[PDB]
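This document contains two forms of one protein chain, each encoded as structure tokens and listed individually as structure 1 and structure 2.
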Structure 1
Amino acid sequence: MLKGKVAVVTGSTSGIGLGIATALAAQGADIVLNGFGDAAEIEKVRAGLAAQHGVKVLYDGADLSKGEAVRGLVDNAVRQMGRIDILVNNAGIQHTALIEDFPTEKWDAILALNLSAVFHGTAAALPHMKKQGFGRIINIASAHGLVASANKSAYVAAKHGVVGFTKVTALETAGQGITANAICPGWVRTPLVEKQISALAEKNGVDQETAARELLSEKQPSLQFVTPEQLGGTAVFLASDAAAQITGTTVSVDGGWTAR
């Protein structure tokens, strides 16, 4: 369990982020949610999580594209919750295009959220973790933080950056009760992905599930999607005492993506 601990999860108002925040809450950890979205809908999620798991749940709409904002998200978390035991840097954005066609504005935005945001968040939380003698920095990178795909230069670059940053984080905190690791997910069945499937479903005129496997065939050997619940359970493990000596490494949850 994680009773008495505080977890801050960026981009957790939905999808993967929400899956991890939910997994941590179920372990008895207080949660600070974050990300853009509908204020009303967001409150519903927050209150729903708080009630369902009997833990304190807050929401900070801090803009992760801004360094001061990310650092502020962490400070206020400590001010409201009293400490920050776990920091899950999850927020991510993407864009597909050949390198020579890749918009500089897109490249900069992707680096800012997927990479720089991890630095600012980590920089803000480290002092508190070193003081308390306990810390768990869980960066959600990607299979693309280990290998590449054509047309995703900025994302691949940013994610690799995260893995490298995770390693440094671990070395600077080694032995202080703090660990830093990066979960590298393969395909996850997001709403936009679902529309990508339906785009192939009506492209080949096959049922959704067949299209699903079609979409996974190229990169994911298992032909099965990774779920937010599994990624939550992975974050839960890394935050456990059994993962005390697991630091500066990656945990690939990709159905065999990086094995071949």
Structure 2
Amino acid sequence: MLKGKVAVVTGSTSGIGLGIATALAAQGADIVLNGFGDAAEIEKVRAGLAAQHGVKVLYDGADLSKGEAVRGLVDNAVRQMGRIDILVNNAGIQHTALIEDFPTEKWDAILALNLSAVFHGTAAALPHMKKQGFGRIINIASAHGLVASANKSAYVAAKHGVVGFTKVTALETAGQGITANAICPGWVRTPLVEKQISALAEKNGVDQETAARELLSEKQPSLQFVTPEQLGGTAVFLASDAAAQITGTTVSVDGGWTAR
């Protein structure tokens, strides 16, 4: 379990990040939620997790496109929660276009959130974790941090960068009670993916579910979506003492995507 520990999960107001925050709360960790969406729904999520699991849950609406706001999220988590044991760098965005059609604003935004926010959050966390002699940094990269798809240049570059950055984090902290690893999921049916399902159904003139199956079949041999609950379990495992010597690596949760 994780009783007495504090976890900050970026982009945990929905999707994968909410599944990870929920799993960590279920292990007894105090939680800092973060991310956008509807404020009433966010408060319900926050109060609900605290009540259900009997842990402290805070919400910090920092916009993680700004480096100082990311560092502020971590530093304020320590101020309010008293420590930071687990940092899950999860917030991310997507945009698809051919490289020559890829707007520079979109390239910049994807690098800022999907890559640079991992840097800033890690930089802010590490002095605390070093003083603690304990930390777990868990970066949510992607199958796209190990391999590529067409039309996803900024996202694939960013996710590859996160994988490299995770390795450096591990090497700088090796032996200090701190590990850093990157979870690399295949498809998870969140709004990030639903948008691309919708696009494919339009392009192909089929219904939504036919597009969903095709999207899966192209990439994911199992023909099964990964779930936020599975990814929460994986984060819980990396946070555990069994994973004390798992550091600087990727854990692919992808139904066979990268095996072929």
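Structure 1 provides the reference sequence; residues are numbered from 1 along it. Throughout, rigid core stands for the largest set of C-alpha atoms superposing within 1.5 Å between the two forms. Only residues modelled in both forms are compared.
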Rigid-core fit between structures 1 and 2, the member of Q52, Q196, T227, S217 whose C-alpha shifts 2 angstroms or more
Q196
Would you say whether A69 is displaced between structures 1 and 2, judging by a C-alpha shift of 2 Å or more on the superposed rigid core?
no
Inter-form CA displacement between structures 1 and 2 at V206 - rigid core frame, Å
7.4
On a rigid core fit between structures 1 and 2, runs of three or more residues in which every CA shifts by 2 Å or more occupy 191 to 215
